[PDB]
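Undergrad: First, the structure itself, so that you have it in front of you.
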Amino acid sequence: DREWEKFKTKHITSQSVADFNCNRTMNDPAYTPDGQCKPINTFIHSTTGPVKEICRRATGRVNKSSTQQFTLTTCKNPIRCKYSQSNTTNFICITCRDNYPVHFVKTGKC
Ligand SMILES: *[C@@H]1O[C@H](CO)[C@@H](O[C@@H]2O[C@H](CO)[C@@H](O)[C@H](O)[C@H]2NC(C)=O)[C@H](O)[C@H]1NC(C)=O
């Protein structure tokens, strides 16, 4: 699924919180479908399956809150494409297209 693939690329990372570097990834064409050096993005430190599970009971395009918490790195406030980095554990709010996550809405419950 195209939308799912884009979501995984843009928001899911197999990197650890410590090894993750916003300055690197926010400017890495391999993980920036909507373009590099964007103002803000949140990365989910997890295997893809648990994230897809968030949409297991969703029908149509609808926002869903995850029932489990994930480790999240948010890259923001760039200055010449160099970012401030923050990490938190929280639930996430995403838009599902049936069983596929397609858009990251916000950190925490919807
Ligand atoms: C990504 O770039 C930012 C901005 O250069 C780094 O944060 C700065 O780090 C220096 C030390 O190297 C500090 O003196 C500045 O005060 C920091 N600025 C901000 C806005 O925090 C950030 O550490 C870099 N990311 C990584 C993983 O090294």
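Each chain in the structure tokens gets a letter, A, B and so on, in the order shown; residues start at 1 in every chain, and ligands are counted from 1 in the order they appear.
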Grab me every residue within 10 Å of ligand 1, counting only C-alpha atoms and all ligand atoms, and send it over as a ChimeraX atom specification.
TA: /A:17-24,75-86
Undergrad: Write down as a ChimeraX atom specification the residues of chain A whose backbone DSSP state falls under strand (DSSP E).
TA: /A:12-13,41-45,61-65,70-79,82-90,92-97,100-107
Undergrad: Hey, can you spit out that residue selection with N, CA and C atoms as a short mmCIF file (atom, residue, chain, number, x, y, z; two decimals), in the first residue's frame?
TA:
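Contents of again06.cif, as written:
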```
data_model
loop_
_atom_site.label_atom_id
_atom_site.label_comp_id
_atom_site.auth_asym_id
_atom_site.auth_seq_id
_atom_site.Cartn_x
_atom_site.Cartn_y
_atom_site.Cartn_z
N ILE A 12 8.39 5.76 10.90
CA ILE A 12 8.86 4.64 11.69
C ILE A 12 10.36 4.41 11.57
N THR A 13 11.02 4.27 12.71
CA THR A 13 12.45 4.05 12.70
C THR A 13 12.89 2.86 13.54
N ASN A 41 8.65 16.92 12.55
CA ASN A 41 8.26 15.53 12.32
C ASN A 41 8.50 14.66 13.54
N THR A 42 7.63 13.67 13.74
CA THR A 42 7.76 12.76 14.87
C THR A 42 8.09 11.35 14.37
N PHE A 43 9.08 10.73 15.00
CA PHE A 43 9.52 9.38 14.65
C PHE A 43 9.14 8.37 15.72
N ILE A 44 8.69 7.20 15.29
CA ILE A 44 8.26 6.15 16.21
C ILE A 44 9.32 5.06 16.26
N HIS A 45 9.90 4.85 17.44
CA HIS A 45 10.93 3.84 17.62
C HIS A 45 10.26 2.50 17.89
N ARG A 61 -11.53 6.18 6.26
CA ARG A 61 -10.47 7.08 6.70
C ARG A 61 -10.92 7.73 8.00
N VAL A 62 -10.30 7.32 9.11
CA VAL A 62 -10.64 7.84 10.42
C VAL A 62 -9.43 7.90 11.34
N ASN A 63 -9.44 8.85 12.27
CA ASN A 63 -8.35 9.00 13.22
C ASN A 63 -8.54 8.00 14.35
N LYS A 64 -7.45 7.38 14.78
CA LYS A 64 -7.49 6.40 15.87
C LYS A 64 -6.37 6.63 16.88
N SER A 65 -6.69 6.49 18.16
CA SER A 65 -5.69 6.64 19.22
C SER A 65 -5.11 5.25 19.49
N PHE A 70 4.30 4.45 22.77
CA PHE A 70 5.52 4.21 22.00
C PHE A 70 6.59 5.22 22.38
N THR A 71 7.84 4.90 22.06
CA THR A 71 8.96 5.80 22.32
C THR A 71 8.98 6.71 21.09
N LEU A 72 8.88 8.02 21.32
CA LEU A 72 8.82 9.00 20.24
C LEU A 72 9.86 10.10 20.24
N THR A 73 10.48 10.32 19.08
CA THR A 73 11.45 11.39 18.92
C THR A 73 10.84 12.45 18.01
N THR A 74 10.77 13.68 18.50
CA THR A 74 10.21 14.75 17.71
C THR A 74 11.33 15.71 17.33
N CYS A 75 11.46 15.98 16.03
CA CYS A 75 12.47 16.91 15.51
C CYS A 75 11.74 18.21 15.19
N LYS A 76 12.21 19.33 15.73
CA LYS A 76 11.53 20.60 15.48
C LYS A 76 12.43 21.82 15.59
N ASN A 77 11.83 22.98 15.35
CA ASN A 77 12.51 24.27 15.45
C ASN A 77 13.84 24.34 14.71
N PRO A 78 13.85 23.99 13.42
CA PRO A 78 15.10 24.04 12.67
C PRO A 78 15.64 25.46 12.48
N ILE A 79 16.96 25.55 12.41
CA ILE A 79 17.69 26.79 12.18
C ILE A 79 18.69 26.31 11.13
N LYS A 82 19.03 22.53 11.16
CA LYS A 82 19.59 21.89 12.34
C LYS A 82 18.45 21.98 13.36
N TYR A 83 18.13 20.87 14.00
CA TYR A 83 16.99 20.80 14.91
C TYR A 83 17.16 20.63 16.41
N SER A 84 16.07 20.92 17.12
CA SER A 84 15.97 20.70 18.55
C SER A 84 15.36 19.30 18.57
N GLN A 85 15.78 18.48 19.52
CA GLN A 85 15.31 17.10 19.60
C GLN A 85 14.76 16.78 20.98
N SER A 86 13.60 16.13 21.00
CA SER A 86 12.98 15.75 22.26
C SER A 86 12.43 14.34 22.13
N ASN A 87 12.50 13.58 23.21
CA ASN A 87 12.01 12.21 23.22
C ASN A 87 11.03 12.01 24.36
N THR A 88 9.91 11.36 24.07
CA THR A 88 8.90 11.10 25.07
C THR A 88 8.26 9.75 24.78
N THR A 89 7.55 9.23 25.77
CA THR A 89 6.83 7.97 25.61
C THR A 89 5.40 8.43 25.76
N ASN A 90 4.54 8.03 24.84
CA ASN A 90 3.16 8.47 24.89
C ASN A 90 2.37 7.69 23.86
N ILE A 92 -0.18 7.73 20.50
CA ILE A 92 -0.13 8.55 19.31
C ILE A 92 -1.50 8.55 18.65
N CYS A 93 -1.75 9.59 17.87
CA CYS A 93 -3.00 9.74 17.16
C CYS A 93 -2.66 9.73 15.68
N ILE A 94 -3.24 8.78 14.95
CA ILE A 94 -2.97 8.66 13.53
C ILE A 94 -4.26 8.54 12.73
N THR A 95 -4.16 8.76 11.43
CA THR A 95 -5.31 8.62 10.56
C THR A 95 -5.12 7.26 9.91
N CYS A 96 -6.18 6.46 9.90
CA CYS A 96 -6.14 5.14 9.30
C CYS A 96 -6.96 5.16 8.02
N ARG A 97 -6.58 4.31 7.08
CA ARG A 97 -7.33 4.13 5.84
C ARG A 97 -7.59 2.64 6.01
N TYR A 100 -4.69 0.36 7.40
CA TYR A 100 -3.37 0.97 7.22
C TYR A 100 -3.16 2.38 7.77
N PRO A 101 -2.08 2.59 8.55
CA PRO A 101 -1.84 3.94 9.07
C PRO A 101 -1.44 4.77 7.85
N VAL A 102 -2.01 5.96 7.69
CA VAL A 102 -1.65 6.79 6.54
C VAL A 102 -1.18 8.19 6.89
N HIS A 103 -1.46 8.65 8.11
CA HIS A 103 -1.04 10.00 8.47
C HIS A 103 -0.81 10.14 9.97
N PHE A 104 0.25 10.83 10.34
CA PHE A 104 0.53 11.05 11.76
C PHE A 104 -0.11 12.38 12.14
N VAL A 105 -1.06 12.33 13.06
CA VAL A 105 -1.78 13.53 13.50
C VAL A 105 -1.09 14.25 14.65
N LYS A 106 -0.87 13.54 15.75
CA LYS A 106 -0.22 14.14 16.91
C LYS A 106 0.22 13.10 17.92
N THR A 107 1.06 13.52 18.85
CA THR A 107 1.53 12.65 19.92
C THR A 107 0.43 12.69 20.98
#
```
Undergrad: Have a look at atom CA of residue 5 of chain A and atom CA of residue 99 of chain A and let me know their distance in Å, one decimal.
TA: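 Atom CA of residue 5 of chain A sits 13.0 Å away from atom CA of residue 99 of chain A.
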Undergrad: Nearest residue to residue 25 of chain A out of A:52, A:6, A:109, A:38, using only C-alpha atoms?
TA: A:38
